[PDB]
Amino acid sequence: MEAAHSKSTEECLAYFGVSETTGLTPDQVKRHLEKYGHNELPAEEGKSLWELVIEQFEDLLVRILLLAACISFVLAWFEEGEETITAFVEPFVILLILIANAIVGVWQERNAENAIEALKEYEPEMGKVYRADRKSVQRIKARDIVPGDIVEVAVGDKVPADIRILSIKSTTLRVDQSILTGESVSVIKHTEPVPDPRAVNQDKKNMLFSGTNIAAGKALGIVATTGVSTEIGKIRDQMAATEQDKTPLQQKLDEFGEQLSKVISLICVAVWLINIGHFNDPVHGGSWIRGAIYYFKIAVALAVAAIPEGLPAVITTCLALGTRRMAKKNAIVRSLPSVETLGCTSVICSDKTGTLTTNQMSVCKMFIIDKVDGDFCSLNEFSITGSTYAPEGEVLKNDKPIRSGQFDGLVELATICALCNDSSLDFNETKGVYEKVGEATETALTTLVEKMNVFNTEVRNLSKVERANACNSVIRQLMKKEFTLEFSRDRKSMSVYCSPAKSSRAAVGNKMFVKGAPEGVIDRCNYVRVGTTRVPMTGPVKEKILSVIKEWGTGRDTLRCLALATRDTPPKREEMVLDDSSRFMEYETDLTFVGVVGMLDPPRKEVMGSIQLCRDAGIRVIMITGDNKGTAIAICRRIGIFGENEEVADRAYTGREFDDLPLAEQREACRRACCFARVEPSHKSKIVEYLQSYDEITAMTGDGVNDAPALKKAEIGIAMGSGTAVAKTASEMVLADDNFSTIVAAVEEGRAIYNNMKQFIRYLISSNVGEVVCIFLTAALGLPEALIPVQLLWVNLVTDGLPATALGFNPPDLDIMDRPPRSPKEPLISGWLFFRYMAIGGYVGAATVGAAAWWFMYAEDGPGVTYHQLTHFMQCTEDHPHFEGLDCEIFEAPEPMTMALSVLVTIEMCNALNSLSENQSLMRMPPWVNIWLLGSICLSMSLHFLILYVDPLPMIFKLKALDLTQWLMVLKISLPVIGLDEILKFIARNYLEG
Ligand code: BEF
Ligand SMILES: [Mg+2]
Ligand SMILES: [Mg+2]
Ligand code: NA
């Protein structure tokens, strides 16, 4: 049924042709069912195939390396008939690496999914219909409910479908709609058409929305829509139709992955282009190949050389590591790149109710009368700590602790609160939390009484289950509740008639205990209580009470206030008639004013600090709430989004106001404004979209189904653990404990993760630049190999790979949470950092060659050949005239090679230290700053001397121990890489940004 809300009860019955009295017929059911389907959602798209392992392979860095792993295989297979099948173990181990890395990826994806999933209860949910089968009610499963049928709901029921209320059986029906609309206080429903054409869900006061619950009352309705067509369904689709780019980190990597893809392609050319016209008289005939087409093959062999084999693993090790650090602070992260997103966020958008707030009505102030001396009236005002329904907290007066029991006025106040109450408390053993039973604004009082513990009852040993209503039980023992005078919109109050229970200390007073809107109640008071005594309601008293009430109702604390009284001398039960609520106002008169209670849906305690921390880190916070504007701002003020008496002129907008703006101005308003109230789920998203249109990286934080689309839209959606199931599946982060300060932590985490990466990318890559420059110098000068393909595979993956990993523990600067968020366009590697590590890669290249060469020509351990012999060693023959005294085998000596490897390592172990700080001298931050680095350094060297001295290794790696003076040379060559880098760091602090 379309817009049942705009119709009438009759128009709606008519439309389906049904009886409010009997309900649908099984034939009507049968049809209605086949026409509309089962009131439910489609099977969650939550089943990712193992071919989503092919999503772990969308990273240009793995793609790149997979090409270099298949270009190696296609350039390794059959390329020399005389090949021993043990040179293929590069592409093979590249496989086993990527296979693994692409898997530890999918591990966290489901490791996350079923942690988040662990947070849901129950198995099924159900409803209550009247069909023409039985004259009575029927507990039917929620799915089997169809449009058209007659449902009944009572306090505590979750509304099964979207329903058009037909008849309110209780005097008054209240609905908790916070999961859907963000509304702080349950909403009073009526049964009349909502004509309004611009009318929104929070205006459909004659409708009951699936997902929502009953705070009070009982009602009969007719199902308007079901499954996907509910307000719950619509938003579900809306959320799934929202598209998403890749994380900003993944984007930065793919941006880099393509910069690398360019240089690799630039080299394959450069070298090939430089030689094709020089292949003539090759002499290749025996070799059976076409050349300047085989020269190509060596060009790509250089390409593959430029790829840091070990990179995608260290990255995926850095992240996974940071994910696990967040999980100890109780943050489930769905995907690895997501642990960064927050580190570079410019704006955090945040929902209010249940996000910034607990959505648990709390009494935090209360007063009674202290003294009445003629024109003088003093009050006893108290405060209560606590922010949830949990009976945990203390009562203060003047900010220090009291026993409520010590004030008889507090004893009565407690008593009214216990007795004049249709609700209770309950501990949910499964979720491990206390929860309201009934109406939020009533349970606030239940909780308050438990905290107050007015009789000093021992409660220590009680299960949280038994403790929930303990103190209230004790009070309910003093007086039998004989009946209740239900609320009514005319007087806005209620009361209970109570006879004393045990004939002990009972003055026969059949008291009535009363509560309601303050001045309604106060105007019917003649006396006021002062301890156990009573006195006339003088005028200055009435002025004193009311002045404080107006205070509490406004400004700094914008509390919902409630006046409490008793009729000391109630009528007799006989002379009082109940079937007419219009009598009630009169029964509640001649009253004794007792006290007042102030309550609100309070901010979560961490929030305010968190919001300041963010601000100190250059991040805006914006509130987007479906709740009303007044409560929205009040809350913005308490938490610091706005200040004490700051003007929020054009800085706060409702949904209507915003929608009235022209699109150009809407986008503009999202730039200045920080409070949007009364918004639809759609707005929440549109606003994020608007912020993203300033190239701004934004987060979203929420709990209810109305945050879902906005949560899917943000670069990160953060969901509260106690939030709806939709909000969680749309988010990428989930605060299991609702601790808003994790956000401030998950962020500074994600700034450290970027810096470490950026750091160990500069380190690993200069390696492959050195390794490449060396293989190129060797071919251009015509010297023997200084380093072989395998010696490098090991260096890259292991020797280098560990110190790279232990860069992920570089102590984060303290200035880190002082700087703004990095600029969106600013790339990972700049044209300076490039030159910078290419100068390292440069030197490294030269040095390793120098090493092997210095041995051939000057080392006292190895015959000092001339540059000419070394350059023409291929022409060496059995005692050639030009190679006098030499053994041609000497050009394969393991000494120049051991000499060349050691220089690499010792420069990489050396340059690892240089990789401690982008610009801070090794003087400032010393070698010993990072300890987990020095651990790697020594383990690397340890595994070096291992390969040299461990029998089987020297042969398989083609190496031989180095003597002292030799190592003495290895160092002389490697140290200056420091002095070199040191010279670069100076350049980039005293001359550039200076
Ligand atoms: F519940 Be939110 F504030 F919309
Ligand atoms: Mg390689
Ligand atoms: Mg909310
Ligand atoms: Na998201």
# chains A, B, ... in the order shown; residues from 1 in each chain; ligands from 1

call {"tool": "select_by_dssp", "arguments": {"residues": "segment 172-308 of chain A", "states": "strand (DSSP E)", "output": "ChimeraX atom specification"}}
result
/A:174-176,187-188,207-208,213-216,218-225

call {"tool": "write_last_selection", "arguments": {"atoms": "N, CA and C atoms", "output": "PDB file, in the first residue's frame"}}
result
ATOM      1  N   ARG A 174       3.632   4.765  22.887  1.00  0.00           N
ATOM      2  CA  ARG A 174       4.940   5.390  22.676  1.00  0.00           C
ATOM      3  C   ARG A 174       5.925   4.464  21.977  1.00  0.00           C
ATOM      4  N   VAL A 175       6.653   5.004  21.017  1.00  0.00           N
ATOM      5  CA  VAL A 175       7.505   4.145  20.212  1.00  0.00           C
ATOM      6  C   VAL A 175       8.960   4.609  20.212  1.00  0.00           C
ATOM      7  N   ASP A 176       9.864   3.662  20.405  1.00  0.00           N
ATOM      8  CA  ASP A 176      11.268   3.990  20.365  1.00  0.00           C
ATOM      9  C   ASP A 176      11.705   3.820  18.941  1.00  0.00           C
ATOM     10  N   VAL A 187       8.296   8.245  20.636  1.00  0.00           N
ATOM     11  CA  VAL A 187       7.336   9.134  20.001  1.00  0.00           C
ATOM     12  C   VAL A 187       5.887   8.667  20.177  1.00  0.00           C
ATOM     13  N   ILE A 188       5.024   9.603  20.575  1.00  0.00           N
ATOM     14  CA  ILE A 188       3.597   9.332  20.738  1.00  0.00           C
ATOM     15  C   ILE A 188       2.872   9.241  19.407  1.00  0.00           C
ATOM     16  N   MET A 207       2.162   5.761  11.918  1.00  0.00           N
ATOM     17  CA  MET A 207       2.795   4.596  11.318  1.00  0.00           C
ATOM     18  C   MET A 207       3.728   3.903  12.306  1.00  0.00           C
ATOM     19  N   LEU A 208       3.924   2.601  12.125  1.00  0.00           N
ATOM     20  CA  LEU A 208       4.879   1.859  12.935  1.00  0.00           C
ATOM     21  C   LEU A 208       5.862   1.190  12.019  1.00  0.00           C
ATOM     22  N   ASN A 213      10.831  -0.412  18.155  1.00  0.00           N
ATOM     23  CA  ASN A 213      10.110  -1.051  19.276  1.00  0.00           C
ATOM     24  C   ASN A 213       9.108  -0.192  20.088  1.00  0.00           C
ATOM     25  N   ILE A 214       8.229  -0.880  20.814  1.00  0.00           N
ATOM     26  CA  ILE A 214       7.179  -0.233  21.588  1.00  0.00           C
ATOM     27  C   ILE A 214       7.677   0.135  22.972  1.00  0.00           C
ATOM     28  N   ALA A 215       7.583   1.414  23.311  1.00  0.00           N
ATOM     29  CA  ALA A 215       8.072   1.879  24.594  1.00  0.00           C
ATOM     30  C   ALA A 215       6.969   1.691  25.619  1.00  0.00           C
ATOM     31  N   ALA A 216       5.735   1.831  25.159  1.00  0.00           N
ATOM     32  CA  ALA A 216       4.586   1.770  26.051  1.00  0.00           C
ATOM     33  C   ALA A 216       3.302   1.639  25.248  1.00  0.00           C
ATOM     34  N   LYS A 218      -0.255  -0.553  23.718  1.00  0.00           N
ATOM     35  CA  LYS A 218      -0.622  -1.704  22.912  1.00  0.00           C
ATOM     36  C   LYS A 218      -1.366  -1.099  21.752  1.00  0.00           C
ATOM     37  N   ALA A 219      -1.325  -1.743  20.598  1.00  0.00           N
ATOM     38  CA  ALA A 219      -1.986  -1.163  19.446  1.00  0.00           C
ATOM     39  C   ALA A 219      -2.389  -2.200  18.424  1.00  0.00           C
ATOM     40  N   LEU A 220      -3.336  -1.815  17.584  1.00  0.00           N
ATOM     41  CA  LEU A 220      -3.707  -2.635  16.446  1.00  0.00           C
ATOM     42  C   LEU A 220      -3.402  -1.875  15.158  1.00  0.00           C
ATOM     43  N   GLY A 221      -2.778  -2.558  14.209  1.00  0.00           N
ATOM     44  CA  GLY A 221      -2.493  -1.945  12.933  1.00  0.00           C
ATOM     45  C   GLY A 221      -2.725  -2.879  11.767  1.00  0.00           C
ATOM     46  N   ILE A 222      -2.564  -2.331  10.572  1.00  0.00           N
ATOM     47  CA  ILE A 222      -2.669  -3.102   9.346  1.00  0.00           C
ATOM     48  C   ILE A 222      -1.345  -2.944   8.590  1.00  0.00           C
ATOM     49  N   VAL A 223      -0.776  -4.049   8.121  1.00  0.00           N
ATOM     50  CA  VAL A 223       0.523  -4.000   7.455  1.00  0.00           C
ATOM     51  C   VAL A 223       0.484  -3.254   6.123  1.00  0.00           C
ATOM     52  N   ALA A 224       1.288  -2.204   5.994  1.00  0.00           N
ATOM     53  CA  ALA A 224       1.304  -1.440   4.755  1.00  0.00           C
ATOM     54  C   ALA A 224       2.282  -2.046   3.764  1.00  0.00           C
ATOM     55  N   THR A 225       3.518  -2.272   4.197  1.00  0.00           N
ATOM     56  CA  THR A 225       4.545  -2.831   3.320  1.00  0.00           C
ATOM     57  C   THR A 225       5.343  -3.868   4.065  1.00  0.00           C
TER      58      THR A 225
END

call {"tool": "residues_around", "arguments": {"residues": "segment 758-773 of chain A", "least_positions_apart": "5", "cutoff": "6 Å", "atoms": "only C-alpha atoms", "output": "list in words"}}
result
residues 306, 308, 804, 837, 841, 842, 844 and 845 of chain A

call {"tool": "write_last_selection", "arguments": {"atoms": "C-alpha atoms", "output": "compact mmCIF listing (two decimals), in the first residue's frame"}}
result
# COMPACT_ATOMS: atom_id res chain seq x y z
CA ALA A 306 64.05 -3.30 -10.77
CA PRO A 308 61.53 -5.24 -5.06
CA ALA A 804 62.52 -3.46 6.27
CA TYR A 837 67.34 7.02 -3.25
CA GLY A 841 71.09 3.21 -5.54
CA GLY A 842 73.73 4.96 -7.61
CA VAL A 844 75.49 1.24 -4.08
CA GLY A 845 75.85 0.22 -7.71

call {"tool": "closest_atom_pairs", "arguments": {"of": "chain A", "to": "ligand 1", "cutoff": "9 Å", "atoms": "only C-alpha atoms and all ligand atoms", "output": "JSON lines"}}
result
{"residue": "A:178", "atom": "CA", "partner": "ligand 1", "partner_atom_place_in_ligand_line": "1 (F)", "distance": 5.9}
{"residue": "A:179", "atom": "CA", "partner": "ligand 1", "partner_atom_place_in_ligand_line": "1 (F)", "distance": 6.8}
{"residue": "A:180", "atom": "CA", "partner": "ligand 1", "partner_atom_place_in_ligand_line": "1 (F)", "distance": 7.6}
{"residue": "A:181", "atom": "CA", "partner": "ligand 1", "partner_atom_place_in_ligand_line": "4 (F)", "distance": 5.8}
{"residue": "A:182", "atom": "CA", "partner": "ligand 1", "partner_atom_place_in_ligand_line": "1 (F)", "distance": 2.7}
{"residue": "A:183", "atom": "CA", "partner": "ligand 1", "partner_atom_place_in_ligand_line": "1 (F)", "distance": 6.0}
{"residue": "A:184", "atom": "CA", "partner": "ligand 1", "partner_atom_place_in_ligand_line": "1 (F)", "distance": 7.4}
{"residue": "A:350", "atom": "CA", "partner": "ligand 1", "partner_atom_place_in_ligand_line": "3 (F)", "distance": 8.0}
{"residue": "A:351", "atom": "CA", "partner": "ligand 1", "partner_atom_place_in_ligand_line": "3 (F)", "distance": 4.4}
{"residue": "A:352", "atom": "CA", "partner": "ligand 1", "partner_atom_place_in_ligand_line": "3 (F)", "distance": 3.3}
{"residue": "A:353", "atom": "CA", "partner": "ligand 1", "partner_atom_place_in_ligand_line": "1 (F)", "distance": 3.7}
{"residue": "A:354", "atom": "CA", "partner": "ligand 1", "partner_atom_place_in_ligand_line": "1 (F)", "distance": 6.2}
{"residue": "A:355", "atom": "CA", "partner": "ligand 1", "partner_atom_place_in_ligand_line": "3 (F)", "distance": 7.0}
{"residue": "A:356", "atom": "CA", "partner": "ligand 1", "partner_atom_place_in_ligand_line": "3 (F)", "distance": 7.9}
{"residue": "A:357", "atom": "CA", "partner": "ligand 1", "partner_atom_place_in_ligand_line": "3 (F)", "distance": 8.3}
{"residue": "A:359", "atom": "CA", "partner": "ligand 1", "partner_atom_place_in_ligand_line": "1 (F)", "distance": 8.7}
{"residue": "A:623", "atom": "CA", "partner": "ligand 1", "partner_atom_place_in_ligand_line": "3 (F)", "distance": 7.8}
{"residue": "A:624", "atom": "CA", "partner": "ligand 1", "partner_atom_place_in_ligand_line": "4 (F)", "distance": 6.3}
{"residue": "A:625", "atom": "CA", "partner": "ligand 1", "partner_atom_place_in_ligand_line": "4 (F)", "distance": 3.4}
{"residue": "A:626", "atom": "CA", "partner": "ligand 1", "partner_atom_place_in_ligand_line": "4 (F)", "distance": 3.9}
{"residue": "A:627", "atom": "CA", "partner": "ligand 1", "partner_atom_place_in_ligand_line": "3 (F)", "distance": 5.4}
{"residue": "A:628", "atom": "CA", "partner": "ligand 1", "partner_atom_place_in_ligand_line": "3 (F)", "distance": 8.8}
{"residue": "A:632", "atom": "CA", "partner": "ligand 1", "partner_atom_place_in_ligand_line": "3 (F)", "distance": 7.8}
{"residue": "A:677", "atom": "CA", "partner": "ligand 1", "partner_atom_place_in_ligand_line": "4 (F)", "distance": 7.8}
{"residue": "A:678", "atom": "CA", "partner": "ligand 1", "partner_atom_place_in_ligand_line": "4 (F)", "distance": 7.8}
{"residue": "A:679", "atom": "CA", "partner": "ligand 1", "partner_atom_place_in_ligand_line": "4 (F)", "distance": 7.5}
{"residue": "A:680", "atom": "CA", "partner": "ligand 1", "partner_atom_place_in_ligand_line": "4 (F)", "distance": 8.4}
{"residue": "A:681", "atom": "CA", "partner": "ligand 1", "partner_atom_place_in_ligand_line": "4 (F)", "distance": 8.3}
{"residue": "A:684", "atom": "CA", "partner": "ligand 1", "partner_atom_place_in_ligand_line": "4 (F)", "distance": 8.8}
{"residue": "A:702", "atom": "CA", "partner": "ligand 1", "partner_atom_place_in_ligand_line": "2 (Be)", "distance": 7.3}
{"residue": "A:703", "atom": "CA", "partner": "ligand 1", "partner_atom_place_in_ligand_line": "1 (F)", "distance": 7.3}
{"residue": "A:704", "atom": "CA", "partner": "ligand 1", "partner_atom_place_in_ligand_line": "1 (F)", "distance": 6.5}
{"residue": "A:706", "atom": "CA", "partner": "ligand 1", "partner_atom_place_in_ligand_line": "4 (F)", "distance": 6.8}
{"residue": "A:707", "atom": "CA", "partner": "ligand 1", "partner_atom_place_in_ligand_line": "4 (F)", "distance": 7.2}

call {"tool": "residues_around", "arguments": {"residues": "segment 664-670 of chain A", "least_positions_apart": "5", "cutoff": "12 Å", "atoms": "only C-alpha atoms", "output": "MDAnalysis selection string"}}
result
chainID A and resid 347 349 620:624 649:659 675:676 683:694 696

call {"tool": "closest_residue", "arguments": {"among": "A:705, A:313, A:304, A:597", "to": "ligand 3", "atoms": "only C-alpha atoms and all ligand atoms"}}
result
A:705
